[PDB]
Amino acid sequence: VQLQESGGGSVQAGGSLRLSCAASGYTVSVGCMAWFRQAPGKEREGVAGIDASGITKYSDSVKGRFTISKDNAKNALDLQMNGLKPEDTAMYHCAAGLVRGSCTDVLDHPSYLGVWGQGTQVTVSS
C-alpha cells in the first residue's frame, strides 16, 4: 500500500502541468483523496479533493485553473494545473484513505487522510 506522485518539475508562468499519483494496494475509485501543497517555510494548503461520489472541492486560490480526477485505468489520482503562477510553486503532496470525519472537509484537515505519498516539486518561473 503506497502512493507515488509524479509529473512535477519546472514550467513557465502561464503554462500547464499534470500531476499523477499512482496508488498501489488502494482502489482510487471508491476512495476519498486530495492534493495538498506546501511552499517553503509556509503553511500547507489543501488545493483539491474528491470523494467516492465524484464530488470535487477546490481551494479558492486554484478554482477555475486546476481539475482533480480519478484515473481508474492506471489507478491514479490526477491533477491538471493550468494558468500556472509563481504563486503555485510548492511541493505538491497526495493523500488518500479517509480515517476521520467526512471527505468534504479534508482540504482543511489533512490528518483526516491516512495514507500519504512522497510529494512532487512544482516550480513556476516568471
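Residue numbers here begin at 1 and follow the sequence given.
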Tell me which stretch, 93-101 or 58-66, has the higher mean Cα B-factor listed in the entry. 58-66
Averaging only over Cα atoms, indicate whether 76-84 or 36-44 has the higher B-factor in the PDB entry. 36-44
So, residue 10's CA B-factor, relative to its chain, sits in which third? The middle
Sorting the chain's modelled residues by C-alpha B-factor and splitting them into thirds places residue 24 in the middle
Could you place residue 113 in the lowest, middle or highest third of its chain by Cα temperature factor, using the values in the record? middle
Against its chain's modelled residues, does residue 17's Cα B factor rank lowest, middle or highest third? lowest
